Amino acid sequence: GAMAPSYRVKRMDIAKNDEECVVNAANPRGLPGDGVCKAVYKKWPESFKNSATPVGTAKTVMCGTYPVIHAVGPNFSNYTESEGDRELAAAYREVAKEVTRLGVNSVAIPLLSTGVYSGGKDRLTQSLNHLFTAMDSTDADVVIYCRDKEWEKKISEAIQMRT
(Lines of atoms letter the chains of each structure in order from A and count residues from 1; the text may use other names and numbers.)
(Lines give C-alpha, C1' and ligand atoms only; values in the text may rest on other atoms or scores of the structure.)
Protein backbone atom coordinates (compact mmCIF):
# COMPACT_ATOMS: atom_id res chain seq x y z
CA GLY A 1 0.00 0.00 0.00
CA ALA A 2 0.90 3.70 -0.15
CA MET A 3 2.66 5.34 2.89
CA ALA A 4 -0.15 7.94 3.17
CA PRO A 5 -2.77 7.05 0.57
CA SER A 6 -3.78 10.24 -1.32
CA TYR A 7 -5.93 11.53 -4.15
CA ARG A 8 -4.42 13.85 -6.76
CA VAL A 9 -5.55 15.28 -10.08
CA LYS A 10 -3.47 16.04 -13.20
CA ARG A 11 -4.52 17.63 -16.47
CA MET A 12 -2.60 15.56 -19.00
CA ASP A 13 -2.81 12.43 -21.16
CA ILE A 14 -3.29 9.34 -18.91
CA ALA A 15 -1.01 7.45 -21.40
CA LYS A 16 1.86 9.54 -19.80
CA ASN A 17 0.90 8.55 -16.21
CA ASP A 18 3.51 7.98 -13.44
CA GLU A 19 1.50 5.28 -11.60
CA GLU A 20 1.84 1.48 -11.27
CA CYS A 21 -1.25 0.72 -13.36
CA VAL A 22 -3.87 2.45 -15.50
CA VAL A 23 -7.65 2.33 -15.74
CA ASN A 24 -8.95 2.49 -19.30
CA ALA A 25 -12.36 4.10 -19.96
CA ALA A 26 -13.08 1.07 -22.20
CA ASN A 27 -15.91 0.06 -24.44
CA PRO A 28 -17.55 -3.33 -23.80
CA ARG A 29 -16.06 -4.84 -26.98
CA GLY A 30 -12.37 -4.26 -26.38
CA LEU A 31 -12.19 -1.98 -29.46
CA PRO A 32 -9.60 0.83 -29.81
CA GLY A 33 -12.41 3.36 -29.35
CA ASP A 34 -11.85 7.13 -29.08
CA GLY A 35 -10.66 9.67 -26.46
CA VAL A 36 -9.03 8.07 -23.37
CA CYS A 37 -9.61 4.56 -24.85
CA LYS A 38 -7.69 5.37 -28.06
CA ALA A 39 -4.80 6.97 -26.06
CA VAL A 40 -4.67 3.71 -24.02
CA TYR A 41 -4.82 1.60 -27.26
CA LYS A 42 -1.87 3.55 -28.77
CA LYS A 43 0.24 3.16 -25.62
CA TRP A 44 -0.70 -0.41 -24.50
CA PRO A 45 -2.19 -2.14 -27.57
CA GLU A 46 -1.19 -5.58 -26.24
CA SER A 47 -3.62 -5.02 -23.33
CA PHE A 48 -6.59 -5.26 -25.75
CA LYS A 49 -6.17 -9.04 -26.18
CA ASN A 50 -9.51 -10.47 -24.88
CA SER A 51 -10.33 -7.23 -23.04
CA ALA A 52 -14.07 -7.24 -23.93
CA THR A 53 -16.18 -7.16 -20.76
CA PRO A 54 -19.72 -6.02 -19.92
CA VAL A 55 -20.97 -2.63 -18.75
CA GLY A 56 -20.41 -2.16 -15.01
CA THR A 57 -17.33 -4.44 -14.95
CA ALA A 58 -13.58 -4.18 -15.11
CA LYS A 59 -11.18 -6.65 -16.76
CA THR A 60 -7.41 -6.42 -16.31
CA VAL A 61 -5.00 -7.35 -19.11
CA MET A 62 -1.23 -7.06 -18.66
CA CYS A 63 0.95 -5.14 -21.17
CA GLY A 64 4.25 -6.71 -20.23
CA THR A 65 4.04 -6.46 -16.43
CA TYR A 66 2.05 -3.16 -16.57
CA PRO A 67 -1.65 -3.73 -15.68
CA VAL A 68 -4.39 -2.10 -17.81
CA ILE A 69 -7.74 -2.25 -15.99
CA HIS A 70 -10.45 -1.96 -18.66
CA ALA A 71 -13.43 -0.38 -16.88
CA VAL A 72 -16.69 -0.15 -18.85
CA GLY A 73 -18.91 2.72 -17.80
CA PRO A 74 -22.49 2.97 -19.12
CA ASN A 75 -23.28 5.10 -22.18
CA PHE A 76 -25.99 7.48 -20.86
CA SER A 77 -27.31 7.79 -24.44
CA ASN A 78 -28.68 4.22 -23.92
CA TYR A 79 -29.16 3.76 -20.15
CA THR A 80 -31.80 5.55 -18.10
CA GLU A 81 -30.31 8.00 -15.55
CA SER A 82 -31.25 5.46 -12.81
CA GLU A 83 -29.74 2.35 -14.45
CA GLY A 84 -26.72 4.25 -15.79
CA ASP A 85 -26.03 5.62 -12.29
CA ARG A 86 -26.07 2.00 -10.92
CA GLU A 87 -23.73 0.71 -13.68
CA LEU A 88 -21.31 3.65 -13.25
CA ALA A 89 -21.11 2.99 -9.44
CA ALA A 90 -20.60 -0.76 -10.23
CA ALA A 91 -17.74 -0.17 -12.75
CA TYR A 92 -15.76 1.81 -10.11
CA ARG A 93 -16.44 -0.89 -7.44
CA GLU A 94 -14.91 -3.46 -9.87
CA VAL A 95 -11.91 -1.14 -10.45
CA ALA A 96 -11.29 -1.04 -6.66
CA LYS A 97 -11.37 -4.89 -6.55
CA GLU A 98 -8.79 -5.10 -9.39
CA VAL A 99 -6.51 -2.42 -7.91
CA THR A 100 -6.60 -4.34 -4.58
CA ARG A 101 -6.00 -7.76 -6.26
CA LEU A 102 -2.99 -6.42 -8.24
CA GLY A 103 -1.20 -5.17 -5.08
CA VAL A 104 -0.26 -1.88 -6.78
CA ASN A 105 0.67 1.14 -4.66
CA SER A 106 -0.75 3.66 -7.22
CA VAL A 107 -3.33 3.83 -10.05
CA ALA A 108 -4.07 6.36 -12.84
CA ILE A 109 -7.86 6.74 -13.36
CA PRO A 110 -10.03 8.76 -15.77
CA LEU A 111 -13.61 9.89 -14.87
CA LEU A 112 -15.77 7.12 -16.39
CA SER A 113 -18.84 8.10 -18.47
CA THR A 114 -17.84 11.85 -18.64
CA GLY A 115 -16.86 12.00 -22.38
CA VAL A 116 -18.69 10.35 -25.35
CA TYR A 117 -20.68 8.16 -22.84
CA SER A 118 -22.05 11.23 -20.88
CA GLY A 119 -25.23 11.50 -23.01
CA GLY A 120 -24.43 15.24 -23.41
CA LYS A 121 -24.51 15.98 -19.63
CA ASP A 122 -21.82 17.25 -17.23
CA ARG A 123 -21.21 14.21 -14.95
CA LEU A 124 -17.98 15.40 -13.22
CA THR A 125 -19.55 15.28 -9.73
CA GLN A 126 -21.57 12.04 -10.33
CA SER A 127 -18.56 10.16 -11.74
CA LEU A 128 -16.04 11.54 -9.21
CA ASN A 129 -18.33 10.70 -6.21
CA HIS A 130 -18.69 7.09 -7.43
CA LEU A 131 -14.88 6.98 -7.87
CA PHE A 132 -14.47 8.08 -4.23
CA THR A 133 -17.11 5.64 -2.93
CA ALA A 134 -15.18 2.72 -4.51
CA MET A 135 -11.60 3.87 -3.96
CA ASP A 136 -11.83 5.32 -0.42
CA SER A 137 -11.34 1.84 1.16
CA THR A 138 -8.24 1.11 -1.05
CA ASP A 139 -4.72 2.17 0.00
CA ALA A 140 -3.36 2.88 -3.49
CA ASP A 141 -2.39 6.46 -4.35
CA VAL A 142 -5.07 7.54 -6.85
CA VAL A 143 -4.16 10.02 -9.58
CA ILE A 144 -7.17 11.24 -11.62
CA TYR A 145 -6.38 12.36 -15.18
CA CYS A 146 -8.51 14.97 -16.98
CA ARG A 147 -8.21 17.19 -20.14
CA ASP A 148 -10.24 20.36 -19.30
CA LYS A 149 -8.80 23.28 -17.23
CA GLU A 150 -12.12 23.99 -15.41
CA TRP A 151 -12.58 20.27 -14.62
CA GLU A 152 -9.05 20.14 -13.15
CA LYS A 153 -9.99 23.03 -10.79
CA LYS A 154 -13.30 21.40 -9.78
CA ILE A 155 -11.78 17.94 -9.21
CA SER A 156 -8.94 19.51 -7.16
CA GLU A 157 -11.50 21.48 -5.08
CA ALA A 158 -13.55 18.29 -4.47
CA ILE A 159 -10.42 16.42 -3.26
CA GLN A 160 -9.39 19.34 -0.96
CA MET A 161 -12.98 19.69 0.46
CA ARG A 162 -12.57 16.21 2.10
CA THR A 163 -9.17 17.66 3.39
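Throughout, we count residues from 1 along the sequence that is shown.
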Looking only at C-alpha temperature factors in the entry, 113-121 or 59-67, the higher average sits in 113-121
Stretch with higher mean Cα temperature factor, 17-25 vs 147-155, is 147-155
On the chain's distribution of Cα B-factors, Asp136 falls within the third called middle
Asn105: CA temperature factor from the record, placed by chain third, in the middle
Among the modelled residues of its chain, the C-alpha B-factor of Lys42 falls in the third labelled highest
